[PDB]
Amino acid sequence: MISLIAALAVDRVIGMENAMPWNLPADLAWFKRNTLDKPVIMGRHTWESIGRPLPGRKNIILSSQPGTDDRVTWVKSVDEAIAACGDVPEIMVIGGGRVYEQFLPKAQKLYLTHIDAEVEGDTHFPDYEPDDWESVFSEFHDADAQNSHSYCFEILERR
């Protein structure tokens, strides 16, 4: 199955002109927990953001331009990206905006972190209809010594 994993500020903001103005190691740990030992598909901007390959995951970059790093797999279409994942139980789509938009219709599961930050968004998560999704997990957390904002983890399954 295909799943999307994303961190959403208020108004579904997922990306800004520059790095997001928060420090959420707990969210990064959640991201890692839920992507480890699964193939991850990302777009080129997200690849640049991360800086290097995500450890312990097959990294697949969806882009129309040729690849500039040999440590990851470069593909040019959605179907090629899926094919490159092979026969696995779950493929994780990790953004950004355009990649989420292309994979949402195929997705059966969303792993969302909702962050209590009001920011001006450059890119947004797709406008999904809550009516069509069932929350099967929710966990709320306050800001703390290591995390700059309150955040809530949710797992949705398509109804």
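For every residue, the number given is its place in the sequence shown, counted from 1. Note that the rigid core is defined as the largest set of C-alphas that superpose within 1.5 Å between two forms.
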Exercise for the section: Figure out for me whether 146-154 or 13-21 is the more displaced stretch in 4 other deposited structures of this protein, taking RMS C-alpha distance from the shown form once the rigid core is superposed. Expected result: 13-21
Problem - Farther-lying stretch by C-alpha RMS in 4 other deposited structures of this protein (rigid core fit) among 22-30, 59-67 - result: 22-30
Practice task
Take the C-alpha B-factors listed in the entry for 131-139 and for 5-13, compute each mean, and give the stretch with the larger one.
Solution key: 131-139
Problem - Given 25-33 and 42-50, the range whose Cα B-factors average higher in the PDB entry - result: 42-50
Exercise for the section: Among the candidates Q108, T113, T123, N59, give the one with the maximum CA B-factor reported in the record. Expected result: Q108
Practice task
Among all modelled residues of this chain, ranked by Cα B factor, put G95 in the bottom, middle or top third, i.e. lowest, middle or highest.
Solution key: lowest
